[PDB]
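Side-chain atoms are counted along with the backbone in the values below, which use heavy atoms only and exclude waters and symmetry mates. Each chain gets a letter, A, B and so on, in the order the sequences are listed, and its residues count up from 1.
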Amino acid sequence: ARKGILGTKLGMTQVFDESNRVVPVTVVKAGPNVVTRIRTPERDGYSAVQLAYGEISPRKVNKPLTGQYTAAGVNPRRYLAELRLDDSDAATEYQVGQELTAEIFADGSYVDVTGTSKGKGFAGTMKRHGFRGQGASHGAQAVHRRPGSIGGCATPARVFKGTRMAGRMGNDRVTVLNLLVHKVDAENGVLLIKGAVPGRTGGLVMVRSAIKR
Amino acid sequence: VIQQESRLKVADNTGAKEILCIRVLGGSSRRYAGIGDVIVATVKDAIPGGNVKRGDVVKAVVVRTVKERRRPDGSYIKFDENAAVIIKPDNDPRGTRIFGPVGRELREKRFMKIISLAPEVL
Amino acid sequence: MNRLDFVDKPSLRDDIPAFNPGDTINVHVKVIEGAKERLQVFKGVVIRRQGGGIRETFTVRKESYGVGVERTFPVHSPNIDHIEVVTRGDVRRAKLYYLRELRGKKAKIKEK
Amino acid sequence: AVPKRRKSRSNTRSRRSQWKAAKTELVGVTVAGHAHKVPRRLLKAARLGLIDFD
Amino acid sequence: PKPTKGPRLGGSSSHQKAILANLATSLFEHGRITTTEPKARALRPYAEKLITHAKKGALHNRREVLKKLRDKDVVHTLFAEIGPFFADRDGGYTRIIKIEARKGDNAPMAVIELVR
RNA sequence: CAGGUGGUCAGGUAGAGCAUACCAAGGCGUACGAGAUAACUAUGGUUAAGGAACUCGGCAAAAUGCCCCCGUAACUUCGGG
RNA sequence: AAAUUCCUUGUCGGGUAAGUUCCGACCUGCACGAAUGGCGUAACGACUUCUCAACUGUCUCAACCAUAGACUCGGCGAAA
RNA sequence: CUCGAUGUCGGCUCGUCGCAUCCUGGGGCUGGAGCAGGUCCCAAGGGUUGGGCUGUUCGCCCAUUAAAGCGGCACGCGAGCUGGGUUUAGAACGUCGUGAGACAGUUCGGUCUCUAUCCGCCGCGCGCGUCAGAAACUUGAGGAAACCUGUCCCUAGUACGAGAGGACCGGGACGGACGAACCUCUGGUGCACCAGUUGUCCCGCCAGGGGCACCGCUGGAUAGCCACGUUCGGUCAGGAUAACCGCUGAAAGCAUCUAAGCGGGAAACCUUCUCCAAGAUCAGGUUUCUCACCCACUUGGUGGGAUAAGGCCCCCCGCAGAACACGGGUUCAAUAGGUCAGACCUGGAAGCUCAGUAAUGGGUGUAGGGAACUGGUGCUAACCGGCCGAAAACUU
Ligand SMILES: [Mg+2]
Ligand SMILES: [Mg+2]
Ligand SMILES: [Mg+2]
Ligand SMILES: [Mg+2]
Ligand SMILES: [Mg+2]
Ligand SMILES: [Mg+2]
Ligand SMILES: [Mg+2]
Ligand SMILES: [Mg+2]
Ligand SMILES: [Mg+2]
Ligand SMILES: [Mg+2]
Ligand SMILES: [Mg+2]
Ligand SMILES: [Mg+2]
Ligand SMILES: [Mg+2]
Ligand SMILES: [Mg+2]
Ligand SMILES: [Mg+2]
Ligand SMILES: [Mg+2]
Ligand SMILES: [Mg+2]
Ligand SMILES: [Mg+2]
Ligand SMILES: [Mg+2]
Ligand SMILES: [Mg+2]
Ligand SMILES: [Mg+2]
Ligand SMILES: [Mg+2]
Ligand SMILES: [Mg+2]
Ligand SMILES: [Mg+2]
Ligand SMILES: [Mg+2]
Ligand SMILES: [Mg+2]
Ligand SMILES: [Mg+2]
Ligand SMILES: [Mg+2]
Ligand SMILES: [Mg+2]
Ligand SMILES: [Mg+2]
Ligand SMILES: [Mg+2]
Ligand SMILES: [Mg+2]
Ligand SMILES: [Mg+2]
Ligand SMILES: [Mg+2]
Ligand SMILES: [Mg+2]
Ligand SMILES: [Mg+2]
Ligand SMILES: [Mg+2]
Ligand SMILES: [Mg+2]
Ligand SMILES: [Mg+2]
Ligand SMILES: [Mg+2]
Ligand SMILES: [Mg+2]
Ligand SMILES: [Mg+2]
Ligand SMILES: [Mg+2]
Ligand SMILES: [Mg+2]
Ligand SMILES: [Mg+2]
Ligand SMILES: [Mg+2]
Ligand SMILES: [Mg+2]
Ligand SMILES: [Mg+2]
Ligand SMILES: [Mg+2]
Ligand SMILES: [Mg+2]
Ligand SMILES: [Mg+2]
Ligand SMILES: [Mg+2]
Ligand SMILES: [Mg+2]
Ligand SMILES: [Mg+2]
Ligand SMILES: [Mg+2]
Ligand SMILES: [Mg+2]
Ligand SMILES: [Mg+2]
Ligand SMILES: [Mg+2]
Ligand SMILES: [Mg+2]
Ligand SMILES: [Mg+2]
Ligand SMILES: [Mg+2]
Ligand SMILES: [Mg+2]
Ligand SMILES: [Mg+2]
């Protein structure tokens with residue numbers, strides 16, 4: 001009751017619909033997937049399904065990971081993730097060895113696209129958090145982009161935890177909710193997803209079906 | 001895009017030649033005014049002997065903008081000046097006729113009378 | 001070639017003439033006024049191309065009633081009925097933004 | 001800012017023992033009938049007569 | 001070529017045009033130049049594009065080399081000896097071998113040389 | 001040791017000029033280097049639309065700039081402005 | 001109502017969409033005044049104060065780029 | 001308490017908390033017809049605008065808004081910034097004093113020092129632990145983030161009302177503000193891109209180019225980074241409740257929401273959605289791989305040596321990056337460079353020829369030059385290799 005697929009962001013183009021409006025889409029190669037494992041509550045305590053994606057040469061996969069595919073009877077893929085289901089109904093429509101292509105989604109379905117955001121490096125506080133900074137003139141001495149104050153005074157004699165300071169920004173799991181599927185393309189294994197998708201062009205992307213719609 | 005302290009040429013014959021923005025009506029702390037947005041303005045320059053005088057607080061709708069506007073089909077419109085029409089409180093122009101071209105964004109903001117008086121709606 | 005040329009390929013259009021920056025162009029644009037679907041003519045000077053295939057735009061500039069207007073349509077857009085070249089131009093730039101500060105006799109383009 | 005107090009013996013040695021040289025790894029090279037040891041990044045230059053073994 | 005992602009060689013970016021041109025005059029005159037390792041990674045896609053003008057060898061390719069190299073005696077050996085030497089090789093005209101780092105600043109050194 | 005020190009000589013092209021620009025004769029590359037796209041600070045550069053709304057205050061920046069030719073107000077001690 | 005006015009943002013006119021500052025008067029001068037000069041005054045001011053045109057990262061609201069440091073490696077190596 | 005120093009008002013930047021609630025949410029009474037109100041009770045989840053004048057705080061005013069809350073934290077915050085006011089030395093006016101001078105009376109002028117040792121906070125590694133050595137995918141104890149709201153239409157000119165006016169509850173569309181990811185468009189930037197052009201020197205000279213003048217200036221500009229641009233979010237449904245409205249019903253033959261027992265009930269609380277997370281020392285789970293030797297001794301859960309699975313270092317690099325880490329690749333190779341062809345940016349090269357007295361113009365030719373994005377190509381460098389790394393048992 002919650003379909004999912006793994007894929008690769010291929011970039012953004014634009015396309016038009018029947019009302020002659022322009023729709024900025026993000027082309028995702030929702031490629032062919034294969035199951036390799038089924039999590040059951042009597043064995044594992046939860047209910048999920050694995051999914052394997054990506055063409056890899058069979059010499060680049062080491063011997064512990066290879067034998068996990070030999071028990072499933074599947075040639076080794078590159079990526080391997082899980083699709084979290086609810087407390088039932090996993091082994092009623094998924095079998096070990098099944099082929100999940102891109103047409104499990106319809107047109108006009110709403111999806112949740114999660115991924116990994118682009119890296120921004122060690123970033124300051126006017127970029128990581130939107131601090132305003134000080135002025136650029138009127139006497140301001142070397143504090144144009146600095147945070148300013150960070151606490152009170154002798155009560156309390158500390159900085160509170162979670163105080164927004166500089167640091168590294170990005171490379172986080174980011175889920176974008178309720179994006180519209182414009183056109184499924186089973187000929188090429190390509191979903192045209194309306195809007196923006198987290199990641200760099202080439203990164204892994206999990207496309208699940210939305211629940212908020 | 002027009003905010004507070006912007007100056008706009010006036011695109012009708014009420015007597016005013018240049019108004020200055022005060023608020024952008026539409027909500028708390030709304031920052032910009034595109035085409036079809038209502039401006040409370042003061043009148044900074046006028047023609048001698050006209051209907052309105054210098055220093056009057058008017059309402060006005062923006063009809064021309066130098067900054068581009070993304071229409072919902074991918075096309076844009078761009079003008080060489082910022083223009084407005086001083087309006088009555090029932091969305092009717094105070095003057096009798098409108099100078100220069102206007103934008104077609106005035107159609108879905110129910111400004112039917114400014115469209116019929118404009119020389120060219122784009 | 002690009003990676004996404006199997007997605008833009010069915011959306012491309014033929015019967016679009018070969019116009020350069022500096023030409024004079026009619027653009028027939030479909031306009032909905034209620035439920036009427038009329039067709040409005042835009043005659044001006046093409047000043048710009050920003051290429052890419054399905055993502056390519058052009059920009060026309062006319063002088064309407066003492067006030068200059070620029071439109072920036074996409075090429076291969078379905079709200080354009082047809083484009084008709086009126087006059088070829090003899091320019092030296094590719095962006096022609098110097099016409100944003102000229103009026104009258106001085107905003108004229110030659111005839112080849 | 002200035003240091004408030006002097007650091008104890010246990011706190012100066014814990015930091016100072018981390019200023020340590022990281023050693024390189026040597027590999028075996030036989031040129032001109034003599035065996036030597038160079039790092040692996042200079043493996044090609046040992047075989048072309050560009051490394052002076054002193 | 002692919003520009004420098006980061007600070008330029010020798011300080012300014014008007015100085016990197018002079019460093020990469022002087023190293024090319026010396027690489028084409030002697031055939032083997034010892035220098036620092038970052039200044040030789042940066043010479044390899046810059047010198048191999050001057051040999052490609054020598055493999056073509058028209059007047060328009062010789063005027064293009066004279067934009068960068070100021071020394072006419074090494075332009076002659078580029079268009080009469082080096083260029084026709086590489087007529088049957090599809091790129092990769094140079095080679096970087098790594099030398100021992102130099103004393104005094106531990107600057108990692110490397111040689112850059114033509115293939116034969 | 002980025003500060004201070006009196007006089008003398010003083011080239012070419014552009015230029016009103018001993019300003020400034022690029023050069024001659026003649027000097028020098030001046031004494032830690034080599035790398036690397038972090039924040040942040042300095043020193044510079046550009047900026048859509050708006051144009052003092054910033055601010056104690058147009059502070060800082062931006063703007064004006066040269067030669068020839070027309071033209072030029074109140075006020076005034078008749079010179080000026 | 002002042003480089004002088006405490007009460008005080010006095011009151012009235014002007015300027016501004018809005019003016020404790022500014023210009024004009026009024027006189028209820030806490031506490032003006034004739035060489036410790038009184039009242040004016042063209043020119044002049046790196047002086048104080050207010051308005052306006054032109055212009056701009058001063059700001060709405062920030063973005064990016066080069067360089068010197070910061071950061072890494074090798075040498076020398078302090079200080080409160 | 002501090003005089004062998006605890007820096008003062010306001011503003012900027014960044015905050016956190018209380019509720020004595022300004023808005024939004026739930027209610028009782030009303031001298032509540034309706035619409036708007038008054039008063040009291042519950043409620044802190046989020047939100048609470050920009051300007052004029054003043055050093056100001058405060059306050060008046062302008063234009064809005066769902067509303068423009070009140071307070072604590074050294075009247076939060078100067079080893080974070082400002083220095084206009086107060087509160088040094090200069091000077092002046094008024095007033096006081098014979099004078100020197102003085103004035104919560106005024107007025108112009110007036111240096112804001114510090115390389116972070118410790119805890120604290122924000123990030124990132126190294127070490128060991130988790131009873132063999134490894135690799136992959138994981139459950140979630142417990143936390144972080146987020147939480148705002150308007151206008152118009154329908155129901156309906158209906159209920160209500162003499163009229164004027166004008167709804168509750170339900171259904172829909174379109175916005176403001178704020179956060180996130182993103183680069184297709186719009187826009188910004190562009191220091192090895194293309195073109196025009198001034199001064200000057202140089203390449204022997206002409207023709208063609210370069211060095212330097214802020215990237216000399218100027219017109220453009222792909223990639224990256226970006227916002228002014230794009231798309232999306234704060235939803236729906238449960239649980240236990242606050243004020244308050246009840247049902248059944250005694251003590252008290254009646255009555256009462258309560259003493260036994262059971263309900264309805266809010267942006268607060270808990271689940272649901274997003275993220276972190278087994279150093280959760282109770283150190284988890286499901287799996288696959290290796291699953292094996294040798295020597296010395298005081299024979300010990302003993303020291304060394306050599307391996308397996310697997311990893312690290314070196315090497316070629318990255319849109320990953322301060323260093324480290326992380327990710328891809330290593331000839332069974334397209335990992336970077338070159339090279340070939342596209343895309344894209346610039347806009348018509350040089351040479352030759354024709355037209356003109358010449359400056360310049362036409363032709364050969366969507367020319368030439370060129371970086372990031374895409375695909376072929378085994379030409380250069382990813383090598384002729386070093387360092388780590390696997391098990392006492394016993395009880396039921
Ligand atoms: Mg980066
Ligand atoms: Mg700022
Ligand atoms: Mg300083
Ligand atoms: Mg500064
Ligand atoms: Mg402090
Ligand atoms: Mg193009
Ligand atoms: Mg760059
Ligand atoms: Mg340096
Ligand atoms: Mg230069
Ligand atoms: Mg000296
Ligand atoms: Mg001279
Ligand atoms: Mg000079
Ligand atoms: Mg010079
Ligand atoms: Mg010296
Ligand atoms: Mg930098
Ligand atoms: Mg600007
Ligand atoms: Mg502009
Ligand atoms: Mg202006
Ligand atoms: Mg002004
Ligand atoms: Mg102001
Ligand atoms: Mg501010
Ligand atoms: Mg202000
Ligand atoms: Mg100034
Ligand atoms: Mg300036
Ligand atoms: Mg004057
Ligand atoms: Mg007064
Ligand atoms: Mg006065
Ligand atoms: Mg007298
Ligand atoms: Mg006297
Ligand atoms: Mg006097
Ligand atoms: Mg003087
Ligand atoms: Mg060092
Ligand atoms: Mg003390
Ligand atoms: Mg009430
Ligand atoms: Mg309460
Ligand atoms: Mg609050
Ligand atoms: Mg809550
Ligand atoms: Mg507070
Ligand atoms: Mg306070
Ligand atoms: Mg304080
Ligand atoms: Mg302060
Ligand atoms: Mg004094
Ligand atoms: Mg006296
Ligand atoms: Mg003062
Ligand atoms: Mg100073
Ligand atoms: Mg510091
Ligand atoms: Mg939990
Ligand atoms: Mg804990
Ligand atoms: Mg962001
Ligand atoms: Mg792009
Ligand atoms: Mg653009
Ligand atoms: Mg060039
Ligand atoms: Mg010449
Ligand atoms: Mg020179
Ligand atoms: Mg771009
Ligand atoms: Mg509820
Ligand atoms: Mg997780
Ligand atoms: Mg474990
Ligand atoms: Mg690796
Ligand atoms: Mg030609
Ligand atoms: Mg001739
Ligand atoms: Mg010619
Ligand atoms: Mg190419």
Side-chain angles (χ1 to χ4, degrees), chain A residues 12-14 24 43-46 50 62-65 67-68 80 82 117-119 121-124 132 134-143 145-150 152-155 158-161 163 165-168 173-179 194-196 198 200 212, chain B residues 1 3-6 22-23 26-31 40 42 55 57 66-68 70 74 76, chain C residues 1-3 51 55 93-95, chain D residues 1-4 7 25-27 40-41 43-44, chain E residues 1-3 5-7 13 16-17 36 38 44-45 48 59-60 63 66-67 70 89-92 94-96 105-107:
Chain A
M12 295 181 68
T13 183
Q14 67 184 7
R43 186 186 294 273
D44 300 331
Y46 67 106
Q50 287 192 357
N62 53 2
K63 289 175 95 289
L65 184 63
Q68 288 182 355
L80 192 59
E82 286 186 353
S117 68
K118 292 173 74 173
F122 191 89
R132 293 181 180 92
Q134 277 75 7
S137 176
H138 289 288
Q141 186 183 3
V143 291
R145 302 181 68 85
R146 282 173 65 188
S149 176
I150 58 168
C153 194
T155 300
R158 65 187 183 100
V159 179
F160 289 107
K161 192 180 287 187
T163 303
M165 291 178 181
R168 276 164 62 111
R173 181 182 176 93
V174 172
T175 306
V176 178
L177 295 174
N178 291 318
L179 294 174
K194 178 184 177 182
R200 64 176 173 89
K212 292 182 178 180
Chain B
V1 291
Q3 70 257 16
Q4 181 184 1
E5 299 290 325
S6 301
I22 290 171
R23 282 295 97 200
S28 177
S29 71
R30 182 172 183 170
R31 285 184 288 119
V40 178
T42 181
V57 175
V66 183
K67 184 65 176 173
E68 304 92 5
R70 180 182 168 91
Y76 296 89
Chain C
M1 66 184 75
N2 299 115
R3 191 186 293 111
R55 59 191 66 87
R93 305 284 168 265
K95 298 280 113 161
Chain D
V2 303
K4 186 72 175 173
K7 289 185 73 67
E25 298 295 326
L26 289 312
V27 299
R40 185 175 164 86
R41 72 184 301 277
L43 180 63
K44 293 292 287 182
Chain E
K2 182 76 171 293
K5 181 176 83 269
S13 68
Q16 201 183 10
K17 295 197 269 79
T36 67
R44 184 163 71 97
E48 286 179 351
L59 178 61
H60 182 261
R63 297 274 180 84
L66 293 174
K67 287 182 178 179
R70 267 75 58 84
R89 189 183 293 268
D90 287 331
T94 52
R95 177 182 287 121
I96 295 172
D105 56 354
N106 202 5

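Remark: H/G127 base-pairs with no nucleotide; criterion is Watson-Crick or G-U wobble with both hydrogen-bond distances under 3.5 Å. Using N1 to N3 plus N6-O4 or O6-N4 for Watson-Crick, or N1-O2 and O6-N3 for G-U wobble, each under 3.5 Å, H/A350 pairs with nothing. H/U377 is paired with H/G338 under the criterion used here, namely a Watson-Crick or G-U wobble arrangement in which both key atom distances are under 3.5 Å. Base-pair partner of H/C174: H/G150 (Watson-Crick or G-U wobble, both distances under 3.5 Å). Across every strand in view, H/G179 sits in a pair with H/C232 that passes the Watson-Crick or G-U test at under 3.5 angstrom. Using the Watson-Crick or G-U wobble rule with both distances under 3.5 Å, H/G18 pairs with H/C70. Of the nucleotides present, none pairs with H/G157 by Watson-Crick or G-U wobble criteria with both distances under 3.5 Å. H/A33: no Watson-Crick or G-U partner with both key distances under 3.5 Å is found in any strand.
The six-membered rings of G/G33 and G/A34 are unstacked by the 5.5 Å centre and 30° plane criterion. Classification of the H/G356/H/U357 step: not stacked, the six-membered rings not being both closer than 5.5 Å at their centres and less than 30° apart in plane orientation. For the strand neighbours G/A31 and G/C32, base stacking is absent under the 5.5 Å centre-distance and 30-degree plane-angle rule. Judged on ring centres (limit 5.5 Å) and ring planes (limit 30°), H/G246 and H/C247 form a stacked step.
Closest non-hydrogen pair, B/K67 versus B/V1, comes out as CB-N, 3.4 Å.
Checking H/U346, H/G321, H/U64 against the side-chain heavy atoms of C/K95 singles out H/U346 as nearest. Closest contact between the side chain of B/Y76 and the listed nucleotides H/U231, H/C182, H/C185 involves H/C185. The nucleotide whose nearest atom lies closest to any side-chain atom of A/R168 is, among H/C383, H/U138, H/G321, H/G321. Between H/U138, H/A181, H/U13, one nucleotide has an atom nearer to the side chain of A/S117 than all others, and that is H/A181. The side chain of A/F122 approaches H/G123 more closely than any other nucleotide in the set H/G80, H/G51, H/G123.
Contact annotation for B/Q3: base contact, defined as any heavy-atom pair under 4.0 Å involving a base atom. Using a 4.0 Å heavy-atom cutoff across all strands shown, E/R63 reaches at least one base atom of the nucleic acid. Nucleic acid contact class of A/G148 (heavy atoms, under 4.0 Å, all strands): base.
Residues B/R31 and B/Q3 form no side-chain contact, since every pair of their non-hydrogen atoms from C-beta on lies 4.5 Å or further apart. Side-chain contact check for A/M165 versus A/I150: some heavy-atom pair is nearer than 4.5 Å.
C/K95 NZ: more than 12 foreign heavy atoms inside a 6.0 Å radius.
Atom name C1', nucleotides H/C326 and H/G311: the rounded distance is 16 Å, in whole Å.
For H/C75, the sugar pucker falls north, since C1'-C2'-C3'-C4' comes out positive. The torsion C1'-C2'-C3'-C4' is the criterion here, and for F/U77 it is negative, giving a south pucker. South puckering is assigned to the sugar ring of H/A252, since its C1'-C2'-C3'-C4' angle is below zero.
With both distances required under 3.5 Å, H/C206 does not pair with H/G284 in Watson-Crick or G-U wobble fashion. A Watson-Crick or G-U wobble pair links G/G10 with G/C26, each of its two atom distances being under 3.5 Å.
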Response to the item:
Output field dot_bracket for RNA chain F (Watson-Crick or G-U, both distances under 3.5 Å, | for other-strand pairs) contains ..........(.((.....)).)........||||....|||.||||.||.......|................(....).
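Rounded to a whole Å, the CD1 atom of B/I22 is 11 Å from the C1' atom of G/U16. Separating the CG atom of A/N62 from the P atom of H/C289 is a distance of 12 Å, rounded to the nearest angstrom. The nearest whole Å value for the distance from the OH atom in A/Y46 to the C1' atom in H/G284 is 13 Å. Residue B/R31 contributes atom CZ, which lies 6 Å from atom P of H/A177 at whole-angstrom precision. Note: NZ (A/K161) to P (H/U16) measures 16 Å, nearest angstrom.
Bracketed by its first and final contacts, the part of RNA chain F lying under 4.0 Å from non-hydrogen atoms of chain E reaches from F/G33 to F/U37 in 5' to 3' order.
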